[PDB]
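K.L.:
Handing you this structure, nothing more for now.
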Amino acid sequence: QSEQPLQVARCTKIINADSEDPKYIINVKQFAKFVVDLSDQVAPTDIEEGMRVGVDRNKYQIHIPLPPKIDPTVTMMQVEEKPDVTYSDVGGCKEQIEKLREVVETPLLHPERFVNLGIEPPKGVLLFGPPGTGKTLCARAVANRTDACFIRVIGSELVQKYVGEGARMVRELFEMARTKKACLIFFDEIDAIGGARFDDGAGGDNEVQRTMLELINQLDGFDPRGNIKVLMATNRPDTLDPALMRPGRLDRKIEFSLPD
Amino acid sequence: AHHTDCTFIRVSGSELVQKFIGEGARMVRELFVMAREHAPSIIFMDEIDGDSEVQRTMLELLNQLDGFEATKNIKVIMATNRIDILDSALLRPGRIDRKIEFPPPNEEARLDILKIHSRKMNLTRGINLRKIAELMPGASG
Amino acid sequence: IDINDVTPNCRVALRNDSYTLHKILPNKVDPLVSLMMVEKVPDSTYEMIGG
Amino acid sequence: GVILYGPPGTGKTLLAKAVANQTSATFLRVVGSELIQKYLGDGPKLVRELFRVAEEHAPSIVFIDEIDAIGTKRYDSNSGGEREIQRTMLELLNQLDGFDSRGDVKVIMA
Amino acid sequence: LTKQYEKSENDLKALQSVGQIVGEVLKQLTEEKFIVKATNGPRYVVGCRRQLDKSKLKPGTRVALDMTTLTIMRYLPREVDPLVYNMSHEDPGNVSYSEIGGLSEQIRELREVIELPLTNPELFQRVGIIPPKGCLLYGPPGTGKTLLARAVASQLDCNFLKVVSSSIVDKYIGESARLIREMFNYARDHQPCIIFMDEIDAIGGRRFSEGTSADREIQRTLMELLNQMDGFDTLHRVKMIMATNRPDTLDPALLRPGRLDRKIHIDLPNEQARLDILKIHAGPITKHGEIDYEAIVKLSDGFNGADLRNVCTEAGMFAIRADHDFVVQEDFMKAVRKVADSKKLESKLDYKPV
Amino acid sequence: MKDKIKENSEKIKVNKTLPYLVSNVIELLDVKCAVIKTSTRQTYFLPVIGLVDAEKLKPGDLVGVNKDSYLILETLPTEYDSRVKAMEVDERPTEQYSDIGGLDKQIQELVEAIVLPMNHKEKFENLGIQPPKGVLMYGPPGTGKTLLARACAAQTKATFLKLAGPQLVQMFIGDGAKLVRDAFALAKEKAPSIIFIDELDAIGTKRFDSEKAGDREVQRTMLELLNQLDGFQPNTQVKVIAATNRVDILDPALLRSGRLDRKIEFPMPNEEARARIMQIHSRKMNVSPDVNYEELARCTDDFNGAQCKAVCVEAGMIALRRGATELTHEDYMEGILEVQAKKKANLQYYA
Amino acid sequence: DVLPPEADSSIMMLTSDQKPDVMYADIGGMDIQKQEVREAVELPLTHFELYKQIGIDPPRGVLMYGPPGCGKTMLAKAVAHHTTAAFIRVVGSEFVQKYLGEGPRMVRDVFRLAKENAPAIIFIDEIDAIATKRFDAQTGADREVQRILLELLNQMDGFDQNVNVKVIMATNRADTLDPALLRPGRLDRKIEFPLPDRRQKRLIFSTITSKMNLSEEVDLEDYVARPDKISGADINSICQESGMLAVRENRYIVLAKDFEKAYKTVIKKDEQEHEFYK
Ligand SMILES: Nc1ncnc2c1ncn2[C@@H]1O[C@H](COP(=O)(O)OP(=O)(O)OP(=O)(O)O)[C@@H](O)[C@H]1O
Ligand SMILES: Nc1ncnc2c1ncn2[C@@H]1O[C@H](COP(=O)(O)OP(=O)(O)OP(=O)(O)O)[C@@H](O)[C@H]1O
Ligand SMILES: Nc1ncnc2c1ncn2[C@@H]1O[C@H](COP(=O)(O)OP(=O)(O)OP(=O)(O)O)[C@@H](O)[C@H]1O
Ligand SMILES: Nc1ncnc2c1ncn2[C@@H]1O[C@H](COP(=O)(O)OP(=O)(O)OP(=O)(O)O)[C@@H](O)[C@H]1O
Ligand SMILES: Nc1ncnc2c1ncn2[C@@H]1O[C@H](COP(=O)(O)OP(=O)(O)OP(=O)(O)O)[C@@H](O)[C@H]1O
Ligand SMILES: [Mg+2]
Ligand SMILES: [Mg+2]
Ligand SMILES: [Mg+2]
Ligand SMILES: [Mg+2]
Ligand SMILES: [Mg+2]
């Protein structure tokens, strides 16, 4: 009785925000669009255009702001139970691990050592080597040791049936990674979507290239990426696009050669 | 299938009938749910004639029917134009327990087929169906 | 209405407000039957096969 | 993992059938040609779901029979060509040995 | 103010009014019973007002129904779609044929379909031919296909529906095919009318044999348009202009002569045509000294109309760079060479209908 | 009558209470009357327009109607997609043209085509020339394309609509074309405006003829963008910047001299530029006064701007690795080795 | 209440004023196609008892397919003009509607209205709009079109031999059709409308030029004998452009030079074949 149910709607435009009668246009999913006013138990500055809101069923006045919509599949990508593998289970990768840790672990553990010296640590590591060389093993050690949010993304998971859907999941992936103070995204087998662009007359791999183009845009585009430090593993690095294999997207290229 | 009271299921791979097969439609073995419910059943696929999807369906059905199917009396028929185009997997001994040839009807068989379909017509007495059969060398039924 | 008679894939009548199952409607067309109507393979017997 | 390979008719499926007869674990059988789907990403999605059922019914034995049929046979229904098959394989690579922790799933391929 | 009171009082009477459901009459059952269907809604067995004519309520007539009783208030004229309205009321830009160079041969073919048959119908009936109704403007990009359409819309005194094919595509089921029907319904109700469909390859491409669901919806829109251009119901006093720079991808049914009668090739300008376009665009440019237009033409081989305007634009920006209020022939010489360097990034343009 | 007017206005406030049902005006008939389509997908006929003058309404106009009587209570602002509204930058990045090294000609070629017509519109009217329409920045990765776009947004007061190619690729048919024609609609109403389309090859892939399948939906989105750059309605108030790494992929109609008038080639930074780039990204860094950036530029052949910046980033990595508070020339020297990403080799038997 | 069967139908029959002006004589050189349509559409409508006495099962539907411009739609216009039976004209694209269920609904109104107004001919031009063999179950477009096609198959299955309704479907992409539509009892007669032959060409040339003021110097055999594989729409365009040139020169008689120029313009066939291959 006390807590009424709220229908999820998205604010589209605020009319006369300067005045004392600010009117909000909301899009209530598949129901309808309403020009509504704000409720008196929330602040006018708390509602911005393009943000999901909760509205009642009677006058549709906005009652609570809501988190941005994230695909359930994208939400399941963040690691909740850490692996049982530590760095002690990786042998012969001493130089590989230190390079891996000082980009993906050290900045988050001790950020003070980089701000004082005016140092911007690299935000990307590419692990490449033949199969069985420890690429995913090291990433499993990273997730076990890390304290920030870890998101495991397999490249074949980004392949979707419909047009533009794969690029959508990359957008929502980085949108949800930005909702955290520090985040880690792991792109296992990035050769699934990271292949080099080409024109074979027909639309060969055009859709997947767009997903790669979206991933490139989020890593280093017009907007700042955030505190996300990405990490990609592939056994076919020769197939990756030059734009993805560029510093600022994959700053560190750590090679997992066969052990000596 | 009519004479043995076995349910006759034609598997054309049509996406128009997938809503009846099952909302999943990820495997053609989802047909086995509706085949078991109507045992005895005969699953019939005809190759109209990339690789052949009817032949691919045949392999997937034959693999399940090998020893992984509990309910018995589910038989599977394939109709094909030629036997040499068949995959080595289907031509392998033990998969297809009998291969039946359907040669084009000869002079006498054409007379029987002629004798069968001409009953549905108002025929004047004295038609020499034998001569018409001789007038159609190498004709199908 | 007996709960044992409520079989899966059965057509039932539900009340307007409570949606209560109150009647077992006649069963719909079997999905296999519907699949064989659209395929429409001509029925045959041994008498209509020659040679 | 285990793979059974040899000439046709040599008993690869038969030994898997004998394994399924004397196993206390859930037995899941999928022919490799069943991983070729008619839509993009569905093939990778199906390989992902197959090992998800294996996780639920732990301990389990997944028999990927005729695994080579996924690439040695080309079907026009597969919208993506060899490139979609590669993405299907890359999903299979992750499931066999990848980031996610694997429970009591034993994989037999033939 | 007395007038202010009247406006406020008229407001009060307006407030008491209630909206009416828009539907369509399907069949008149009795002298007091009608079958109507809501625009997007179910069908009802409704009544009608006694004051209504009831003879104008033929099947298919748009009507307004009460919200409560669903009884018919009035018959409304055929609804003009907001998108179709924007098509008719689309400003071409007052383009004259004097702003098009080298297309005199192509202009005349265009006007032989859309101008003469609509003004002198008896001339073509006399010979024994039904005049062509559809024309396709094809050629490499920048050759003047849209400019020619704007000139025709600006100059010809006729009803004109201007639309981009990508602007008719709607995600709702059957909406895109509905828009085509409304386009030709408006044209049929406003004869004579001309429908210009720019970038026809957006919806008029070849039908896929193994396409996606999105492709199938577009192909339904295409073959709905095919049924209006040449179908069961003959299209009278409605002409069609279609423009595309990739006619190779179009469906054979779309390119069939019964639908697109004339295939006018707006080709790349030749030596004389380049000279004509250059004078068109360099005309308003401030310049001192002799301007050897032939020198620019000789280095303009392969250019289109857009390059020749860019040559005029870049030559001015060379003058702006040198803080000049005028443009010299030397400024044009760099501009034509600079544009010629940018043409190496452009791929094959020679695409013709099959 | 004043009390009657004021009492009349009170009765309006009760009926003009929120919420309003958002609707679009479909028609304006005479027998003064309107037809509207509500957001609930309902078509209604209004015997009287309502509280809005019928002269101020046009078909397609967004209106807020009464939730019950469906009577037009007010006119509403033009409706733009939230995705289109969310790609208009308001932070206005803090870059500068001095933060770009070795692209002075490229900066000049862009500024005089995007900034000069907006500010000094007189220089074009007096000369009688039309300002350039569309500027494309193409080159190898890391050459500083979107960096200049950020600097363009930094030093411009005009509305900036940052955008990526994959953002215009949408599941539903016509959704991408709606976004493209909404970005230009929003840009026109906020003129002067600049629209930046990074990764143009996502939507600008060349069209092709196929019998079985193809990406016609993206080609439809591109064809819409072709109309917006140069179509039936000449839009001469929105400046368009585009960036791509592979211009050979792009459709020839997109690279037209009316849509993208200037095609700026971003070159690999030369020896002078590379030293300048390394100096640009070492300002906020405690660098010892012995680093020979001239030598580092000689040691970084075939390095783009990103690698030259990564040389500076990796240099502080090694200085922190050895605990130094000042970066030395050796830290830069073997920070070049890290960025070079040469595969491990035992090639000590050479020479 | 129960409504009259002819009521509640968004699709109406052809009125007398909507009858196309196209005659059979207007069509030239389609005797094989004219005969098959007559034997499968208009003759069973009037001779249903003679079919039963002989023993022929009349085809419920007829599929007309072929390259575009080969007389598919026009023959339906001629059939509708020359029929004593009701004609219900529709194109498959109208069945796909925004309101879910309205498509399958308006399919059964077409067949219900045809059944009530027997004898009747149902013509569905551009059947590929609702008869494509591919369906995506996660898209509302393919889910609804699947319902439209399933209802269409159900309606034809629901017609016994007593109901005197004939269905005509036309398509130039019959390769994309669902095989279930071509099963016996639904479309038992597939008539092909190919590109006109040389003998067909001279009949199409003669029938269109008969309405035109030609000069005696015009020899139609010069353009008939050409090896170009052209359709009736092509031949109509050639004659149409021939009068275009006469009109341009303020003439009312088409001479041979107009036909020569019109033929060259309309065909415009790029060689597309190199001589070294033969
Ligand atoms: N350096 C190492 N030290 C110890 N064990 C290792 C090392 N490298 C690999 N292994 C072992 O080998 C297995 C190989 O799996 P891993 O995930 O490391 O492969 P990968 O390099 O990611 O291969 P692929 O390229 O096929 O994905 C690991 O699970 C681990 O048990
Ligand atoms: N070693 C064996 N001992 C007994 N029976 C055998 C043996 N090898 C094969 N068979 C018989 O052969 C039949 C068919 O062989 P099976 O299905 O096992 O083939 P496979 O080795 O999986 O080969 P493939 O799938 O390549 O044709 C089995 O059902 C079994 O009865
Ligand atoms: N013949 C011409 N005379 C004068 N200007 C021309 C001519 N052809 C093209 N132009 C100029 O080219 C520019 C773009 O041409 P237009 O918009 O007509 O392109 P188009 O032929 O439709 O090309 P697209 O294939 O890209 O649609 C205009 O500014 C116009 O002035
Ligand atoms: N010429 C340059 N001067 C200074 N910094 C540069 C230069 N070129 C690149 N950079 C630096 O490179 C980094 C990333 O490059 P940016 O993404 O801006 O380039 P781009 O050519 O647009 O990239 P991409 O082709 O991958 O889209 C930035 O930190 C920027 O400072
Ligand atoms: N035999 C013929 N005699 C005369 N004209 C013909 C003939 N065949 C075709 N035509 C011409 O065909 C044109 C219309 O083509 P029609 O609609 O009949 O073909 P269609 O096969 O239905 O077309 P589409 O497959 O493109 O829908 C008419 O203008 C007519 O002149
Ligand atoms: Mg791995
Ligand atoms: Mg086997
Ligand atoms: Mg144009
Ligand atoms: Mg960039
Ligand atoms: Mg037709």
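Here Swiss-Prot sets the residue numbers for chain E, with the shown residues being 36-389 in order.
Heads up, header says this was done by electron microscopy, 2.9 Å.
Any Cβ shown, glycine's included, is placed from N, Cα and C.
Okay, so Swiss-Prot annotates it like this:
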| type | residues | note |
| --- | --- | --- |
| BINDING | E:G174, E:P175, E:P176, E:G177, E:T178, E:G179, E:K180, E:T181 | ATP binding site |
| MOD_RES | E:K72 | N6-acetyllysine |
| MOD_RES | E:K206 | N6-acetyllysine |
| MOD_RES | E:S244 | phosphoserine |
K.L.:
Show which residues of the chain containing E:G177 (ATP binding site), separated from it by at least 6 in sequence, have their CB under 8 Å from its CB.
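P.N.:
Within the chain, E:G177 (ATP binding site) has Cβ neighbours under 8 Å at E:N339, E:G340, E:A341, E:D342.
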K.L.:
Could you give the Cα-Cα distance between E:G174 (ATP binding site) and E:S244 (phosphoserine), in whole Å?
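P.N.:
Each residue's Cα considered, E:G174 (ATP binding site) and E:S244 (phosphoserine) end up 27 Å apart.
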K.L.:
Write down the Cα-Cα distance for E:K72 (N6-acetyllysine) and E:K206 (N6-acetyllysine), rounded and given in Å.
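P.N.:
About 23 Å separate the Cα atoms of these two residues.
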K.L.:
Select from the recorded positions E:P176, E:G179, E:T181, E:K206: which have any Cβ-Cβ contact with chain F shorter than 8 Å?
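P.N.:
Listed recorded positions meeting the cut-off: E:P176, E:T181, E:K206.
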K.L.:
Around E:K180 (ATP binding site), how many other C-beta atoms are within 10 angstroms of its C-beta?
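P.N.:
A count of 26.
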K.L.:
Applying a 10 Å Cβ distance cut-off over all chains shown, what neighbour count does E:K72 (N6-acetyllysine) have?
P.N.:
20
K.L.:
Taking Cβ atoms only, which of the recorded positions E:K72, E:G177, E:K206, E:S244 fall under 8 Å from chain G?
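P.N.:
Near chain G - Cβ to Cβ under 8 Å - we find E:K72, E:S244.
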K.L.:
Here the recorded positions are E:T181, E:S244; which one has the lowest number of other Cβ atoms no more than 10 Å from its Cβ?
P.N.:
E:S244
K.L.:
To the nearest whole angstrom, what is the C-alpha distance linking E:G179 (ATP binding site) and E:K72 (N6-acetyllysine)?
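P.N.:
Here the two Cα atoms are 46 Å apart.
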K.L.:
Going along the chain, which residues six or more apart from E:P176 (ATP binding site) have their CB under 8 A from its CB?
P.N.:
E:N280, E:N339, E:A341, E:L384
K.L.:
Which one of the binding-site residues (E:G174, E:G179) has its C-beta surrounded by the most other C-beta atoms within 10 angstroms?
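P.N.:
Per the Cβ count within 10 Å, the most buried is E:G179.
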K.L.:
Measure from each Cβ of the recorded positions E:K72, E:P176, E:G177, E:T178, E:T181, E:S244 to the atoms of ligand 8 and list the residues where some distance is under 6 Å.
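P.N.:
So the answer is E:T181.
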K.L.:
What does DSSP call E:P176 (ATP binding site) in the simple three-state scheme?
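P.N.:
Reduced to three states, the DSSP call for E:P176 (ATP binding site) is coil.
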K.L.:
Within the chain of E:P175 (ATP binding site), which residues six or more apart in sequence place their C-beta under 8 angstroms from its C-beta?
P.N.:
E:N280, E:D302, E:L303, E:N339, E:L384, E:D385, E:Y386
K.L.:
For E:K72 (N6-acetyllysine), which of the binding-site residues E:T178, E:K180, E:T181 has the nearest Cα in space?
P.N.:
E:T181
K.L.:
For a Cβ distance below 6 Å to any atom of ligand 3, name the recorded positions from E:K72, E:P176, E:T178, E:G179, E:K180, E:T181 that qualify, or say none.
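P.N.:
Those recorded positions that pass the cut-off, since their Cβ is under 6 Å from ligand 3, are E:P176, E:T178, E:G179, E:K180, E:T181.
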K.L.:
Taking the centroid of the Cβ atoms of E:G174, E:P175, E:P176, E:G177, E:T178, E:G179, E:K180, E:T181 (ATP site), which other same-chain residues have Cβ within 8 Å of it?
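P.N.:
Here the nearby residues are E:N280, E:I301, E:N339, E:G340, E:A341.
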K.L.:
Going along the chain, which residues six or more apart from E:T178 (ATP binding site) have their CB under 8 A from its CB?
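P.N.:
Same-chain residues close to E:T178 (ATP binding site) (Cβ under 8 Å, separated by 6 or more) are E:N280, E:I301, E:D302, E:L303, E:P304, E:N339, E:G340.
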K.L.:
For E:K206 (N6-acetyllysine), just count the other CB atoms lying within 10 A of its CB, please.
P.N.:
17
